[PDB]
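K.L.:
After the structure tokens below, expect a handful of questions from me.
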Amino acid sequence: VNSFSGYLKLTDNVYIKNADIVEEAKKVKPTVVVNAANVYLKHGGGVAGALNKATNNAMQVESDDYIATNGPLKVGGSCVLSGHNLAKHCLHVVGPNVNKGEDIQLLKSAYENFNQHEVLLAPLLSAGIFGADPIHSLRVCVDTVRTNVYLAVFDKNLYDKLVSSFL
Ligand SMILES: Cn1ccn2c(CCNC(=O)[C@H]3C[C@H]3C(=O)O)nnc2c1=O
């Protein structure tokens with residue numbers, strides 16, 4: 001038993017809810033919250049900027065030190081950093097940004113990072129301002145992630161469409 005509440009069951013291990021991921025992280029304090037990161041860990045906008053804003057920019061400060069030491073991530077890759085006030089850990093995962101011209105085939109590799117964690121709170125990778133179709137992202141998630149993933153969908157109308165179109 002875990003502390004996630006009101007999630008809709010898609011598969012044995014994947015649940016989904018219409019939720020603001022910042023508010024959800026604050027309430028649950030999950031072991032792992034997933035950030036929709038870019039390779040530079042520049043959290044200007046999107047989920048990245050939203051989670052970073054909720055940490056009072058401490059996520060960005062930690063991230064800049066990480067990049068200065070290690071260099072950029074790979075598209076499809078990830079790193080584990082602090083979850084600050086939102087979670088124990090933040091798994092920064094880089095899904096391909098379609099609007100930047102990046103290769104959408106890399107979405108499966110991005111979701112494979114989730115399998116290194118038993119339970120995660122996460123957004124739909126590559127969706128929103130990353131430019132991929134969210135229906136596709138959900139399909140890749142379900143077909144790739146084997147650990148327990150709680151998907152927080154911000155957009156109410158999208159949430160309804162994702163549930164009603166799920167095979
Ligand atoms: C406080 N907060 C919370 C969330 N948020 C977002 C989420 C952005 N959309 C996505 O990640 C797309 C997958 C689809 C969705 O989940 O609706 N953008 N800005 C914020 C923000 O300020």
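Each chain of the structure tokens is named A, B, ... in the order shown, its residues numbered from 1; ligands are numbered from 1 in display order.
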Using backbone DSSP assignments, extract all strand (DSSP E) residues from region 20-77 of chain A; output them as a list in words.

P.N.:
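Secondary structure check on region 20-77 of chain A, strand (DSSP E): residues 32, 33, 34, 35 and 36 of chain A.
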
K.L.:
Using only C-alpha atoms and all ligand atoms, which residues of chain A come within 8 Å of ligand 1, and what is the closest atom pair for each, with the distance in Å to one decimal? Give it as JSON lines, sorted by chain and residue number.

P.N.:
```
{"residue": "A:18", "atom": "CA", "partner": "ligand 1", "partner_atom_place_in_ligand_line": "16 (O)", "distance": 7.8}
{"residue": "A:19", "atom": "CA", "partner": "ligand 1", "partner_atom_place_in_ligand_line": "16 (O)", "distance": 7.8}
{"residue": "A:20", "atom": "CA", "partner": "ligand 1", "partner_atom_place_in_ligand_line": "3 (C)", "distance": 4.6}
{"residue": "A:21", "atom": "CA", "partner": "ligand 1", "partner_atom_place_in_ligand_line": "3 (C)", "distance": 5.3}
{"residue": "A:22", "atom": "CA", "partner": "ligand 1", "partner_atom_place_in_ligand_line": "1 (C)", "distance": 5.3}
{"residue": "A:23", "atom": "CA", "partner": "ligand 1", "partner_atom_place_in_ligand_line": "1 (C)", "distance": 7.1}
{"residue": "A:36", "atom": "CA", "partner": "ligand 1", "partner_atom_place_in_ligand_line": "11 (O)", "distance": 7.6}
{"residue": "A:45", "atom": "CA", "partner": "ligand 1", "partner_atom_place_in_ligand_line": "19 (N)", "distance": 7.3}
{"residue": "A:46", "atom": "CA", "partner": "ligand 1", "partner_atom_place_in_ligand_line": "18 (N)", "distance": 4.6}
{"residue": "A:47", "atom": "CA", "partner": "ligand 1", "partner_atom_place_in_ligand_line": "6 (C)", "distance": 4.8}
{"residue": "A:49", "atom": "CA", "partner": "ligand 1", "partner_atom_place_in_ligand_line": "22 (O)", "distance": 7.4}
{"residue": "A:50", "atom": "CA", "partner": "ligand 1", "partner_atom_place_in_ligand_line": "22 (O)", "distance": 4.5}
{"residue": "A:51", "atom": "CA", "partner": "ligand 1", "partner_atom_place_in_ligand_line": "1 (C)", "distance": 7.2}
{"residue": "A:54", "atom": "CA", "partner": "ligand 1", "partner_atom_place_in_ligand_line": "1 (C)", "distance": 7.9}
{"residue": "A:123", "atom": "CA", "partner": "ligand 1", "partner_atom_place_in_ligand_line": "11 (O)", "distance": 5.5}
{"residue": "A:124", "atom": "CA", "partner": "ligand 1", "partner_atom_place_in_ligand_line": "13 (C)", "distance": 4.8}
{"residue": "A:125", "atom": "CA", "partner": "ligand 1", "partner_atom_place_in_ligand_line": "13 (C)", "distance": 7.1}
{"residue": "A:126", "atom": "CA", "partner": "ligand 1", "partner_atom_place_in_ligand_line": "13 (C)", "distance": 7.8}
{"residue": "A:127", "atom": "CA", "partner": "ligand 1", "partner_atom_place_in_ligand_line": "13 (C)", "distance": 4.8}
{"residue": "A:128", "atom": "CA", "partner": "ligand 1", "partner_atom_place_in_ligand_line": "12 (C)", "distance": 3.7}
{"residue": "A:129", "atom": "CA", "partner": "ligand 1", "partner_atom_place_in_ligand_line": "9 (N)", "distance": 7.1}
{"residue": "A:134", "atom": "CA", "partner": "ligand 1", "partner_atom_place_in_ligand_line": "13 (C)", "distance": 6.3}
{"residue": "A:152", "atom": "CA", "partner": "ligand 1", "partner_atom_place_in_ligand_line": "16 (O)", "distance": 6.1}
{"residue": "A:153", "atom": "CA", "partner": "ligand 1", "partner_atom_place_in_ligand_line": "16 (O)", "distance": 3.5}
{"residue": "A:154", "atom": "CA", "partner": "ligand 1", "partner_atom_place_in_ligand_line": "17 (O)", "distance": 3.5}
{"residue": "A:155", "atom": "CA", "partner": "ligand 1", "partner_atom_place_in_ligand_line": "17 (O)", "distance": 3.6}
{"residue": "A:156", "atom": "CA", "partner": "ligand 1", "partner_atom_place_in_ligand_line": "17 (O)", "distance": 7.0}
{"residue": "A:158", "atom": "CA", "partner": "ligand 1", "partner_atom_place_in_ligand_line": "17 (O)", "distance": 6.2}
{"residue": "A:159", "atom": "CA", "partner": "ligand 1", "partner_atom_place_in_ligand_line": "17 (O)", "distance": 7.0}
```

K.L.:
With only C-alpha atoms as the atoms that count, which of A:116, A:157, A:35, A:164 lies nearest to residue 94 (chain A)?

P.N.:
A:35

K.L.:
Using only C-alpha atoms, find each residue in region 31-126 of chain A having at least one atom no more than 12 Å away from region 1-11 of chain A; report its shortest atom-to-atom pair and that distance in Å (one decimal), rows by chain then rising number, as a Markdown table.

P.N.:
```
| residue | atom | partner | partner_atom | distance |
| --- | --- | --- | --- | --- |
| A:31 | CA | A:2 | CA | 10.8 |
| A:118 | CA | A:2 | CA | 11.5 |
| A:119 | CA | A:2 | CA | 9.2 |
| A:120 | CA | A:4 | CA | 10.3 |
| A:121 | CA | A:4 | CA | 9.0 |
```

K.L.:
State, in Å with one decimal place, the distance from CA of residue 41 (chain A) to CA of residue 97 (chain A).

P.N.:
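Between CA of residue 41 (chain A) and CA of residue 97 (chain A) the gap works out to 13.4 Å.
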
K.L.:
What lies within 10 Å of residue 89 (chain A) using only C-alpha atoms, ignoring chain neighbours under 6 positions off, as a list in words?

P.N.:
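The contact residues come out as residues 29, 30, 31, 32, 33, 34, 80, 81, 82, 83 and 120 of chain A.
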
K.L.:
Using C-alpha atoms, can you export the residues from the last selection as a short mmCIF file (atom, residue, chain, number, x, y, z; two decimals), in the first residue's frame?

P.N.:
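What follows is the written file out.cif:
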```cif
data_model
loop_
_atom_site.label_atom_id
_atom_site.label_comp_id
_atom_site.auth_asym_id
_atom_site.auth_seq_id
_atom_site.Cartn_x
_atom_site.Cartn_y
_atom_site.Cartn_z
CA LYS A 29 6.21 13.72 -0.75
CA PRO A 30 6.97 10.70 -2.95
CA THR A 31 10.32 8.98 -2.91
CA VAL A 32 10.77 10.03 -6.56
CA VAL A 33 9.24 12.84 -8.59
CA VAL A 34 10.14 12.89 -12.30
CA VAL A 80 19.02 11.61 -9.82
CA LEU A 81 19.22 14.81 -7.79
CA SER A 82 17.54 16.08 -4.64
CA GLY A 83 13.77 16.33 -4.48
CA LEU A 120 7.44 7.29 -9.15
#
```

K.L.:
Which residue is closest to residue 79 (chain A)? Choose from A:111, A:150, A:15, A:66 and count only C-alpha atoms.

P.N.:
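Of A:111, A:150, A:15, A:66, the one nearest residue 79 (chain A), counting only C-alpha atoms, is A:66.
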
K.L.:
Which of region 65-117 of chain A counts as helix (DSSP H, G or I) under DSSP, as a PDB file with N, CA, C and O atoms, in the first residue's frame please?

P.N.:
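This went into part-v3.pdb:
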```pdb
ATOM      1  N   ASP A  65      25.264  23.296 -10.589  1.00  0.00           N
ATOM      2  CA  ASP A  65      26.464  22.645 -10.072  1.00  0.00           C
ATOM      3  C   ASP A  65      26.655  21.273 -10.716  1.00  0.00           C
ATOM      4  O   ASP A  65      27.775  20.910 -11.089  1.00  0.00           O
ATOM      5  N   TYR A  66      25.563  20.506 -10.885  1.00  0.00           N
ATOM      6  CA  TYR A  66      25.650  19.196 -11.544  1.00  0.00           C
ATOM      7  C   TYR A  66      26.227  19.321 -12.953  1.00  0.00           C
ATOM      8  O   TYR A  66      27.123  18.560 -13.338  1.00  0.00           O
ATOM      9  N   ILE A  67      25.708  20.262 -13.749  1.00  0.00           N
ATOM     10  CA  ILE A  67      26.166  20.413 -15.133  1.00  0.00           C
ATOM     11  C   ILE A  67      27.608  20.904 -15.178  1.00  0.00           C
ATOM     12  O   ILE A  67      28.393  20.486 -16.033  1.00  0.00           O
ATOM     13  N   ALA A  68      27.970  21.824 -14.288  1.00  0.00           N
ATOM     14  CA  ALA A  68      29.346  22.318 -14.265  1.00  0.00           C
ATOM     15  C   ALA A  68      30.337  21.192 -13.995  1.00  0.00           C
ATOM     16  O   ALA A  68      31.460  21.216 -14.505  1.00  0.00           O
ATOM     17  N   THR A  69      29.940  20.197 -13.204  1.00  0.00           N
ATOM     18  CA  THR A  69      30.815  19.063 -12.924  1.00  0.00           C
ATOM     19  C   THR A  69      30.761  17.995 -14.011  1.00  0.00           C
ATOM     20  O   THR A  69      31.794  17.415 -14.367  1.00  0.00           O
ATOM     21  N   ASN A  70      29.568  17.683 -14.520  1.00  0.00           N
ATOM     22  CA  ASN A  70      29.356  16.481 -15.318  1.00  0.00           C
ATOM     23  C   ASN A  70      29.073  16.735 -16.785  1.00  0.00           C
ATOM     24  O   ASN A  70      29.110  15.780 -17.569  1.00  0.00           O
ATOM     25  N   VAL A  98      10.427  17.322 -29.542  1.00  0.00           N
ATOM     26  CA  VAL A  98      10.066  17.343 -30.961  1.00  0.00           C
ATOM     27  C   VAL A  98      10.194  18.757 -31.544  1.00  0.00           C
ATOM     28  O   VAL A  98      10.625  18.932 -32.689  1.00  0.00           O
ATOM     29  N   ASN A  99       9.816  19.788 -30.776  1.00  0.00           N
ATOM     30  CA  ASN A  99       9.850  21.158 -31.308  1.00  0.00           C
ATOM     31  C   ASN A  99      11.276  21.661 -31.571  1.00  0.00           C
ATOM     32  O   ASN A  99      11.462  22.578 -32.381  1.00  0.00           O
ATOM     33  N   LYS A 100      12.275  21.089 -30.896  1.00  0.00           N
ATOM     34  CA  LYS A 100      13.700  21.310 -31.120  1.00  0.00           C
ATOM     35  C   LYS A 100      14.273  20.454 -32.256  1.00  0.00           C
ATOM     36  O   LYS A 100      15.466  20.573 -32.552  1.00  0.00           O
ATOM     37  N   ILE A 104      11.994  11.461 -31.801  1.00  0.00           N
ATOM     38  CA  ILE A 104      10.890  10.934 -30.993  1.00  0.00           C
ATOM     39  C   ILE A 104      11.076   9.452 -30.669  1.00  0.00           C
ATOM     40  O   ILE A 104      10.563   8.967 -29.654  1.00  0.00           O
ATOM     41  N   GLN A 105      11.810   8.712 -31.512  1.00  0.00           N
ATOM     42  CA  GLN A 105      12.122   7.301 -31.249  1.00  0.00           C
ATOM     43  C   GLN A 105      12.838   7.090 -29.911  1.00  0.00           C
ATOM     44  O   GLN A 105      12.802   5.980 -29.374  1.00  0.00           O
ATOM     45  N   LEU A 106      13.466   8.135 -29.362  1.00  0.00           N
ATOM     46  CA  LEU A 106      14.197   8.182 -28.092  1.00  0.00           C
ATOM     47  C   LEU A 106      13.264   8.209 -26.888  1.00  0.00           C
ATOM     48  O   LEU A 106      13.738   8.109 -25.755  1.00  0.00           O
ATOM     49  N   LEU A 107      11.952   8.324 -27.109  1.00  0.00           N
ATOM     50  CA  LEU A 107      11.018   8.363 -25.987  1.00  0.00           C
ATOM     51  C   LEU A 107      11.040   7.061 -25.180  1.00  0.00           C
ATOM     52  O   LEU A 107      10.950   7.087 -23.950  1.00  0.00           O
ATOM     53  N   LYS A 108      11.151   5.912 -25.845  1.00  0.00           N
ATOM     54  CA  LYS A 108      11.208   4.652 -25.105  1.00  0.00           C
ATOM     55  C   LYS A 108      12.436   4.613 -24.199  1.00  0.00           C
ATOM     56  O   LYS A 108      12.334   4.244 -23.025  1.00  0.00           O
ATOM     57  N   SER A 109      13.599   5.027 -24.718  1.00  0.00           N
ATOM     58  CA  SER A 109      14.806   5.081 -23.890  1.00  0.00           C
ATOM     59  C   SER A 109      14.597   5.977 -22.674  1.00  0.00           C
ATOM     60  O   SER A 109      15.031   5.654 -21.565  1.00  0.00           O
ATOM     61  N   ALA A 110      13.925   7.113 -22.866  1.00  0.00           N
ATOM     62  CA  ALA A 110      13.660   8.018 -21.750  1.00  0.00           C
ATOM     63  C   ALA A 110      12.835   7.323 -20.668  1.00  0.00           C
ATOM     64  O   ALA A 110      13.153   7.404 -19.476  1.00  0.00           O
ATOM     65  N   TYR A 111      11.754   6.642 -21.063  1.00  0.00           N
ATOM     66  CA  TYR A 111      10.920   5.946 -20.082  1.00  0.00           C
ATOM     67  C   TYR A 111      11.649   4.790 -19.398  1.00  0.00           C
ATOM     68  O   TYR A 111      11.316   4.464 -18.255  1.00  0.00           O
ATOM     69  N   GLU A 112      12.643   4.172 -20.053  1.00  0.00           N
ATOM     70  CA  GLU A 112      13.372   3.074 -19.408  1.00  0.00           C
ATOM     71  C   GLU A 112      14.028   3.531 -18.111  1.00  0.00           C
ATOM     72  O   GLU A 112      14.234   2.715 -17.203  1.00  0.00           O
ATOM     73  N   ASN A 113      14.373   4.817 -17.998  1.00  0.00           N
ATOM     74  CA  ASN A 113      14.957   5.305 -16.753  1.00  0.00           C
ATOM     75  C   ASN A 113      14.027   5.063 -15.573  1.00  0.00           C
ATOM     76  O   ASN A 113      14.483   4.904 -14.439  1.00  0.00           O
ATOM     77  N   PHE A 114      12.717   5.070 -15.812  1.00  0.00           N
ATOM     78  CA  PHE A 114      11.774   4.880 -14.707  1.00  0.00           C
ATOM     79  C   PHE A 114      11.928   3.504 -14.059  1.00  0.00           C
ATOM     80  O   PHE A 114      11.585   3.332 -12.886  1.00  0.00           O
ATOM     81  N   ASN A 115      12.418   2.511 -14.805  1.00  0.00           N
ATOM     82  CA  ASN A 115      12.503   1.151 -14.279  1.00  0.00           C
ATOM     83  C   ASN A 115      13.556   1.002 -13.201  1.00  0.00           C
ATOM     84  O   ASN A 115      13.586  -0.042 -12.540  1.00  0.00           O
ATOM     85  N   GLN A 116      14.388   2.020 -12.988  1.00  0.00           N
ATOM     86  CA  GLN A 116      15.375   1.964 -11.925  1.00  0.00           C
ATOM     87  C   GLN A 116      14.794   2.386 -10.582  1.00  0.00           C
ATOM     88  O   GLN A 116      15.530   2.443  -9.594  1.00  0.00           O
TER      89      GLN A 116
END
```

K.L.:
Which polymer residues have any atom within 9 Å of an atom of residue 139 (chain A), counting only C-alpha atoms, with same-chain residues fewer than 5 positions away left out, as a PyMOL selection string?

P.N.:
chain A and resi 134+144+166-167

K.L.:
Which residues are near residue 43 (chain A)? Cut-off 7 Å, only C-alpha atoms, ignore same chain within fewer than 4 positions. Put them as a PyMOL selection string.

P.N.:
chain A and resi 48-49+52+60

K.L.:
Those residues with N, CA and C atoms, as a PDB file, in the first residue's frame please?

P.N.:
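In the end it all went to part.pdb:
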```pdb
ATOM      1  N   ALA A  48       9.532  21.469 -15.648  1.00  0.00           N
ATOM      2  CA  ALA A  48      10.834  21.815 -15.070  1.00  0.00           C
ATOM      3  C   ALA A  48      10.766  23.167 -14.356  1.00  0.00           C
ATOM      4  N   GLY A  49      10.291  24.196 -15.057  1.00  0.00           N
ATOM      5  CA  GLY A  49      10.186  25.507 -14.436  1.00  0.00           C
ATOM      6  C   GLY A  49       9.202  25.529 -13.286  1.00  0.00           C
ATOM      7  N   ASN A  52      10.822  23.689 -10.398  1.00  0.00           N
ATOM      8  CA  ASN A  52      11.887  24.553  -9.891  1.00  0.00           C
ATOM      9  C   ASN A  52      11.330  25.747  -9.127  1.00  0.00           C
ATOM     10  N   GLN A  60      17.313  24.616  -9.518  1.00  0.00           N
ATOM     11  CA  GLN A  60      18.204  25.171 -10.539  1.00  0.00           C
ATOM     12  C   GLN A  60      19.626  25.322 -10.015  1.00  0.00           C
TER      13      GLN A  60
END
```

K.L.:
Counting only C-alpha atoms, figure out which residue out of A:92, A:17, A:136, A:84 gets nearest to residue 40 (chain A).

P.N.:
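That would be A:92, the residue with the smallest distance to residue 40 (chain A).
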
K.L.:
CA of residue 148 (chain A) and CA of residue 62 (chain A) are how many Å apart?

P.N.:
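Separation of CA of residue 148 (chain A) and CA of residue 62 (chain A): 26.9 Å.
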
K.L.:
Quick one: distance from CA of residue 93 (chain A) to CA of residue 37 (chain A) in Å, one decimal?

P.N.:
5.4 Å

K.L.:
For residue 86 (chain A), which residue among A:58, A:163, A:132, A:73 is the nearest when counting only C-alpha atoms?

P.N.:
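With only C-alpha atoms as the atom set, the closest residue is A:58.
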